[PDB]
Structure formats: C-alpha cells, structure tokens
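Reading through the structure tokens given below for one structure.
Chain identifiers are assigned alphabetically (A, B, ...) following the order of the sequence lines, protein sequences preceding nucleic acid strands; residue numbering begins at 1 within each chain. Below, each value reflects all heavy atoms present in this structure, side chains not excepted, and no hydrogens, waters or symmetry copies.
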Amino acid sequence: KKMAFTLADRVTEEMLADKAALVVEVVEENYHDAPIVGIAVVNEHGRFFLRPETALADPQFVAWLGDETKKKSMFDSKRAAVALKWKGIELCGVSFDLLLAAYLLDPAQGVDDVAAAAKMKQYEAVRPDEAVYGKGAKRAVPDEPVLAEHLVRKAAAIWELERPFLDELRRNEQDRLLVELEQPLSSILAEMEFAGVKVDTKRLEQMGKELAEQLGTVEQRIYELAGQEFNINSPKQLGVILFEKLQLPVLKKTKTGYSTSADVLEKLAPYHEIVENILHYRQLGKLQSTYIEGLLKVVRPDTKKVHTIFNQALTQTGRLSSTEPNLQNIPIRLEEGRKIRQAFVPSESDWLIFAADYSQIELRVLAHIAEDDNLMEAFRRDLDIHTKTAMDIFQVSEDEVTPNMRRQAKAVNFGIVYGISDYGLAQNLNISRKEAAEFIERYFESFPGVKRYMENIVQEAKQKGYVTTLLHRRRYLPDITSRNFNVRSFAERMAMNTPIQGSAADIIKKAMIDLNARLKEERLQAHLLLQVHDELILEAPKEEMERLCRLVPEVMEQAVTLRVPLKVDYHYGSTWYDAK
DNA sequence: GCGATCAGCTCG
DNA sequence: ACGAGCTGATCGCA
Ligand SMILES: OC[C@H]1O[C@@](CO)(O[C@H]2O[C@H](CO)[C@@H](O)[C@H](O)[C@H]2O)[C@@H](O)[C@@H]1O
Ligand SMILES: OC[C@H]1O[C@@](CO)(O[C@H]2O[C@H](CO)[C@@H](O)[C@H](O)[C@H]2O)[C@@H](O)[C@@H]1O
Ligand SMILES: [Mg+2]
C-alpha cells in the first residue's frame, strides 16, 4: 500500500516545524561536491517531498536547515552535512542519527541503509537503497515518482524508529555514547573531510618518475636471473619460476598454486639471488601503484586536495576507517615509502603540519582495566615497556637485556593485546608452539593481573554474551560458546582485544571533541585534518605552534582519567613527513 | 564484456 | 595474531 505524501512545488510553513525526520539524498557513494537528488520531510503536519533546486534556493528552508533549535532526525547526517557544505549551506540541529544509533546497538549487523536498521525493530515498510538505485554500472537515480516515494518512506521510518532506538540505547547505558560522543564527532569528521588535505602533485609525479626508473632496473635484473621474462605480479607465474624452474624449496602452499608471501620469500632469500630482487620489486611496485598513481587519481585538479571519507559506522571495535583515499595507511616503516609523506602539505602559505600521538595507549588501557600492579607501576615510572617485559620474562637486569630479547618481548606484548595464543606467537617469532607457550606462561607469571583479566573477560563474555569498553561501546560474541576450537578461540581473542582497542578508540574520539571545543574557545585557526587510530594530525599558522605544543597534548592526555597516566608525543614541520 | 575472489601489500 | 583498504591478476560466466 502506497504511502501518502505531498509532492510540493514550493516550501511552506508547515514544513518548518521544530521537529522532523529529514532526508537529503546523495546517491553518489563519494558525497564530496556531489548532487542532492531529492529531499523528504516528515513531521507532525505530514509527509513532504521537495525538489532540491527549489528547497535549497528557498531562504526560509535554508534558514530552517541551519537553525539549531529546529531538531532533525536523520540517517548518515554527515553525508548530507558535507554535501550541503560544498553548496555553502549549513546543517544544524541534528539530534538523532539512525545510522550511528544502529551502529552502537550492534556493529556486527553491518547496517548501511535505513532498511537494514529498520529491520532490527521489525519495521519493513521501506526498501533497501540497492533495490531502488541498483548496483554497479546499472546504478541510477529513478524517475521522480519512484524517487519521491523512496525518500518519504525512509523519512517515515526514521520518524517512527527514533524512540525505539533511544529506549534500547538507554537500557544499554549507551544513550550518552550516542548523544555526547558519536553524534558530536560526526560533525567534526564532516569539517575535516570538507577541509581536505593539500597534496604536492609535482612532488608525487617526480617520485613516480624515479620509481619507474628503479622498477625498470629491478624488473630486468629479475628476468636476467630467471633466464626468461614473465609477469612478476602474477603469484601463479612467479610460483612456476621459483619452485619449478629454479627448484627452490616449497615451505608453504596457498590454494591455486604455491605461496609467495613476503614471509616465505624472506626464508628463500638464502637460496637464490632472484628472491631479494622480487621483494624489492614488490616494495617499489606497491608505492608506485597505490601511493603514487592511486593518490594522483583522487586529487582534485582545481584545489590539489584529497578529500577522504571517514566511515564512522563500520569497525567492530569502534575505530574509524578511511577511504578514497585511505589516509590511515600511508607508508612510514620503510624510509623509501616514508618519503611519500613529503607530498602532504599545509593548505596555506606559512602554515605547518602538527601531529600528536598517544604513546602505548593500548598497553596503558590494559594496565588500567586489569589493574595489574606490575604493569601499572611500569607506566607510573614511564619505563620502556618492551625492555621491562624482557627483564621480567627472562629474569635479567636492564643491562642484561639484548636486542633480540627486547624484540621477542615486544612480540609477546602485541600478542597479549591482540589476544594471546601459542600458535599465533610461534608463527610470529618463527619458533615452536612449546617455546611460545613458555614465553606466555612466563609473561602471566610476571603480570598475574593481566592473566586474571584475560580469564575473567572471557568468562564475562560467555555470561553476558558481549564485552564492553570504557565508554560503554558493545560487541556481541556469539561464537564464544562454539564447540569448534578454532571458531571459539577467535571469539575469545576478540573478547580479550575489543575492550582494549575499543577503549582506546573511545578515548581518542572524546579527545577530538574536547580539542575542538578548546580550539574554538581560544579562537585558534588550527584545525583537525586526520585521525590515524592513536594519532591526530592538524594544520595551522606557524604562529600557533607554540600554543599547540601545550594545548594538544594536554587535551589528549586529560580526555579520560585512568589508573595510569596517558602520554602524548608530538612533532611539527613543513610536510607530514617532517612532522616527526 | 562485466563483477567477484584470490593474493599481496600498507597502516595502527 | 587484532582491526581496516587498495591494486593487479585471474577465475566467473552472462
Ligand atoms: O557515507 C558513509 C556511510 O555510508 C555507508 C553506507 O550507508 O557507506 C557508503 O559510502 C562509503 C564512502 O563513500 C563507501 O566506502 C561504501 O561502499 C558506501 O556503501 C556507511 O558504511 C558509511 O558509514
Ligand atoms: O583451562 C581454562 C582456561 O581455558 C580458556 C581458554 O584459554 O577457556 C576454556 O575453559 C573455560 C572453563 O574454565 C571455558 O569457559 C571456555 O569456553 C574454554 O575455551 C581460558 O579462558 C581459561 O582460563
Ligand atoms: Mg603511537
């Protein structure tokens, strides 16, 4: 049965009530400078559909949109807010965002449209976006009649579902998590995305030319050593050259052919000179394809800026993700790849890049939640945690810790945070399970608090059906009760890791909110540009650096109060590369 | 022809 | 190992 609504030709007072469900549709996946195809409004007076060229040109409508006292309920308000920013229109007053509400209730559901969220509450009087717009090449905006009804039904669903969603969030003690954390953060991410990051395309193009020279030299050297030419980027072709023509040892398989992962080649290097050249070839190839050509494809020709999109409702732990481009995985470990960062520059003359990062936030959060005396004392003394762990596990003095001992203690620390398992550690340290198990046993002997927490959190997950973070984020773990060892073990590791990684996410998100409030009170021009899990990157006039050196770390350190201090390191410079 | 999966890489 | 995204090659078949 069709849904009644007014297809309006002009904006009326009735459409400007102080509370309504609002839909500002942007069909393009990437909403930057993208079209708004239609608008729907549902309030106490009825349901309305408005053509964008009409509503967005109306003084009364635009004023209503920017009036903070006129409340709106929406789905993915950030998408609309940014699309409107590109048009010079401000969106205010969003008091409820169905996408974020659904995400907090159950991130595993993968809710990416109104229909998926509505299904959670047995509401199905609305179609999934894919069914209306289609997918891939077939995707397209339907004719007005079909478009208008879809938008109205989405607005109607949002109007009906607000109370049910707020009620459950309240029962979960997540009401403040949505209203005081996620929704305000949404607006901040919108500003960051809209601002974008300036790219030195000339620099990138010159690096690309040099990589082309290097790749060509290594490419030939590879054919020379193999005695023939082949597609190096083909795991299958490569597999034949290595394990058949050259007779190299087969230490591990995959599926279709042989395994040629970097880990496998690292072990084969001793046998043949072609191996080292293949590893180098792959390193350069990744930089060229992904960080040179890939980046250049998404830079705006007119402004020379890249405008990422932060997915705020995807990860199972509460972390953010980044796309088109992904600015959370720019090279830094290897020097050659790290040079890529010299291409990210300030958006204005005489401005600089400022980067601040939490030091060991995950292990600090663990010390807090586990209340391990030895680990809390370690951070209270601000000790090098990997050296300290080596001292305890191997029973030696600080002076007796060798480079290899610290390396292995470091690996034990990662396993503990990720969810420790002898197989996982053994695989990572290239040692036997028995040995890895010994390392773990030794660790728990030195940190009995962490051991009790790991045992207790797994038990809690089984009793409650989920685990939670510091700010009450939730993750359900149904596989925790599986009678299949591999499936159950994975869920146990998630029970152990989620409260750590998740609480660290909670903290940096609150820090972003606190920081923006501080920047505004101080009327600083500085503004956030990116967030990379445990680090915040800003840009500002060179004249604001000294003030930021004090303000940013403090805000980030005081975001929450834990049983151990929080530590933040910071750097600034002419490019992102220099902010170290 | 197109889209989906595998295999590889980058980051925290 | 925990949590993500992007690219080149290839297995898919409409
Ligand atoms: O707008 C981001 C928001 O939209 C979802 C779907 O509701 O993802 C869409 O947009 C992303 C950014 O362009 C794409 O990566 C994704 O493929 C597309 O479906 C949500 O997941 C996200 O929170
Ligand atoms: O041996 C107990 C020890 O095993 C773990 C797995 O590392 O959990 C197993 O035993 C529990 C009973 O004590 C079960 O609830 C759980 O399902 C099973 O995998 C640890 O959590 C526990 O300390
Ligand atoms: Mg750090």
Whether A/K580 engages the ring of A/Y577 as a cation-pi pair (distance to the six-membered ring centre under 6.0 angstrom, angle to the ring normal within 45°) should be assessed.
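Positive - A/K580 is close enough to the ring of A/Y577 and near enough to its axis.
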
Nearest of [options] to any side-chain atom of [X]?
X      : options              : result
A/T254 : B/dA7, C/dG8, B/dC11 : B/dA7
A/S259 : B/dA7, B/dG8, B/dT10 : B/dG8
A/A137 : B/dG12, B/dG8, B/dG3 : B/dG3
A/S261 : C/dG3, B/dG12, B/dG8 : B/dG8

Is the A/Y223 ring parallel, tilted or perpendicular to the A/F230 ring (thresholds 30°, 60°)?
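The rings of A/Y223 and A/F230 stand perpendicular, inter-plane angle above 60°.
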
Could you label the plane-to-plane angle of the A/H307 and A/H32 rings as parallel, tilted or perpendicular, counting under 30° as parallel and over 60° as perpendicular?
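Rings of A/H307 and A/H32: tilted, as their planes differ by 30° to 60°.
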
Pucker family that the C1'-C2'-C3'-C4' torsion assigns to [N]:
N      : answer
B/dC11 : north
B/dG3  : south
B/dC9  : north
B/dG8  : north
C/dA4  : north

Would you say A/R333 places a side-chain N or O within less than 4.0 Å of OP1 or OP2 belonging to B/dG12?
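Looking at the OP1 and OP2 atoms of B/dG12, one of them is under 4.0 Å from a side-chain N or O of A/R333.
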
Strand-adjacent residues in [range], judged by heavy atoms under 4.0 Å from DNA chain C:
range                       : answer
residues 311-328 of chain A : A/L314, A/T315, A/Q316, A/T317, A/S321, A/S322, A/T323, A/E324, A/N326
residues 497-505 of chain A : A/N497, A/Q501
residues 268-301 of chain A : A/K286, A/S289, A/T290, A/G294
residues 422-452 of chain A : A/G424, A/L425, A/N428

I want to check something: taking the side chain as every heavy atom from C-beta on, are [X] and [Y] in contact at a cut-off of under 4.5 Å?
X      : Y      : result
A/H386 : A/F414 : yes
A/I353 : A/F344 : no
A/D392 : A/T389 : no
A/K509 : A/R473 : yes

Could you walk me through whether A/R488 and A/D479 pass salt bridge (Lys or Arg N to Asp or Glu O under 4.0 Å), step by step?
CA-CA 6 Å; A/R488 183 176 67 253; A/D479 292 352; over 6 Å; no

Quick one: which protein N/O atoms are closer than 3.5 Å to N/O atoms of nucleotides 10-14 of chain C? Pair and distance per line, please.
from: C/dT10; atom 1: OP1; to: A/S234; atom 2: OG; distance (Å): 2.6
from: C/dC11; atom 1: OP1; to: A/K236; atom 2: NZ; distance (Å): 2.5

Straight-line distance of [X] [atom1] to [Y] [atom2], nearest 0.5 Å:
X      : Y      : atom1 : atom2 : result
A/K236 : A/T260 : NZ    : OG1   : 13.0 Å
A/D422 : A/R433 : CG    : CZ    : 7.5 Å
A/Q206 : A/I292 : CD    : CD1   : 11.0 Å

Counting any heavy atom closer than 4.0 Å, what does [X] reach on the DNA or RNA strands: base, sugar-phosphate only, or nothing?
X      : value
A/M496 : nothing
A/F490 : sugar-phosphate
A/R338 : nothing

I'd like to know if [X] pairs up with [Y] as an ion pair, taking the criterion as any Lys NZ or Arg NE/NH1/NH2 lying under 4.0 Å from an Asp or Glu carboxylate oxygen.
X      : Y      : result
A/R221 : A/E273 : yes
A/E335 : A/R338 : no
A/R364 : A/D382 : yes

Verify whether the ring centers belonging to A/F439 and A/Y443 lie closer than 6.0 Å.
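A/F439 vs A/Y443: aromatic centres not under 6.0 Å.
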
Check the distance between B/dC6's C1' and A/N233's CG and give it to me in whole angstrom.
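Atom-to-atom, A/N233 to B/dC6, this comes out as 14 Å.
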
Does the A/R79 side chain pair with the main chain of A/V26, one donor and one acceptor, at a distance under 3.5 Å?
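Yes: the side chain of A/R79 pairs with the backbone of A/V26.
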
Output field dot_bracket for DNA chain B (Watson-Crick or G-U, both distances under 3.5 Å, | for other-strand pairs) contains ....|.||||.|

